[PDB]
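Structure first, then comments.
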Amino acid sequence: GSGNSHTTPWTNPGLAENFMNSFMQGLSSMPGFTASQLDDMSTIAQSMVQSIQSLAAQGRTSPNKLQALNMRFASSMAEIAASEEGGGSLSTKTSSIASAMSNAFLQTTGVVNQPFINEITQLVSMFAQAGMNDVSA
Numbered sequence: 001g002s003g004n005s006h007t008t009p010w011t012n013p014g015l016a017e018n019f020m021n022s023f024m025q026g027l028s029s030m031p032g033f034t035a036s037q038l039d040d041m042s043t044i045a046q047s048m049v050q051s052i053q054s055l056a057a058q059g060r061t062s063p064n065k066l067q068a069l070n071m072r073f074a075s076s077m078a079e080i081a082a083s084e085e086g087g088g089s090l091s092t093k094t095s096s097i098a099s100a101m102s103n104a105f106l107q108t109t110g111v112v113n114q115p116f117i118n119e120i121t122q123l124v125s126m127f128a129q130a131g132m133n134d135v136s137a
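Residue numbering for the sequence shown follows PDB author numbering, starting at 1 and increasing by one per position.
Written out as structure tokens, the structure reads:
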């Protein structure tokens with residue numbers, strides 16, 4: 001009586017677009033960041049969507065593509081979070097992202113994807129540290 005929903009949020013362009021939409025709506029009220037962080041992140045979030053819009057239109061939304069989206073999505077947010085704005089602490093930042101991610105997926109499809117959030121959060125937190133100092137050249 002519901003959707004299985006156990007898959008990548010990037011599998012459907014409709015889903016991805018709405019995901020980022022709901023994401024920012026919850027993220028904007030999250031502690032740790034600031035409007036400056038949100039602004040940049042929102043724009044980059046669009047680039048994420050644009051890639052999926054293209055994949056679904058070119059008919060190339062294959063698993064191995066989405067695998068790459070996993071890493072880049074996490075690191076894109078990390079680069080921003082690592083800039084230390086607003087609340088500073090990356091701990092608060094990363095925890096906020098995951099809350100918005102799970103909540104946004106909750107509104108888009110109705111189910112929460114657990115594994116995908118676990119991966120992203122650790123990658124964010126990992127890539128962020130390497131973005132605070134210029135070792136990610």
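Cβ coordinates follow ideal geometry from the N, Cα and C atoms, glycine included.
Let me know the secondary structure DSSP gives residue i once reduced to three states.
{"i": "residue 63", "result": "helix"}
{"i": "residue 31", "result": "strand"}
{"i": "residue 13", "result": "helix"}
{"i": "residue 4", "result": "coil"}
{"i": "residue 137", "result": "coil"}
Does any C-beta atom of chain C lie closer than 8 angstroms to the C-beta of residue i?
{"i": "residue 48", "result": "Note that chain C does not occur in the displayed structure, where there is just one protein chain."}
For residue i, which residues from the same chain have a beta carbon less than 8 angstroms from its beta carbon, with the 5 sequence-adjacent residues on both sides left out?
{"i": "residue 110", "result": "2, 3 and 5"}
{"i": "residue 119", "result": "70 and 74"}
Can you find the residues in the same chain that come closer than 6 angstroms, C-beta to C-beta, to residue i, ignoring five residues on each side of it along the sequence?
{"i": "residue 87", "result": "31 and 32"}
{"i": "residue 66", "result": "8 and 10"}
{"i": "residue 13", "result": "52, 53 and 56"}
Can you find the residues in the same chain that come closer than 7 angstroms, C-beta to C-beta, to residue i, ignoring five residues on each side of it along the sequence?
{"i": "residue 18", "result": "108"}
{"i": "residue 96", "result": "27, 30, 31, 32 and 33"}
Thinking residue i and residue j are a contact (beta carbons under 8 angstroms), I'd like their distance in whole angstroms, please.
{"i": "residue 94", "j": "residue 121", "result": "6 angstroms"}
{"i": "residue 117", "j": "residue 98", "result": "5 angstroms"}
{"i": "residue 124", "j": "residue 74", "result": "5 angstroms"}
{"i": "residue 85", "j": "residue 37", "result": "5 angstroms"}
### Query
Are at least three pairs of beta-carbons, each pair with one atom in the stretch 79 to 90 and one in the stretch 27 to 36, less than 8 angstroms apart?
yes
### Query
Is there contact here, the stretch 14 to 33 with the stretch 98 to 112, by at least three beta-carbon pairs under 8 angstroms?
yes
#### Entry: Minimum length 4: unbroken alpha helix (DSSP H) runs contained in the stretch 43 to 128
Every alpha helix (DSSP H) of 4 residues or more that sits fully in the stretch 43 to 128 is shown, in chain order, as 63 to 81 and 90 to 108.
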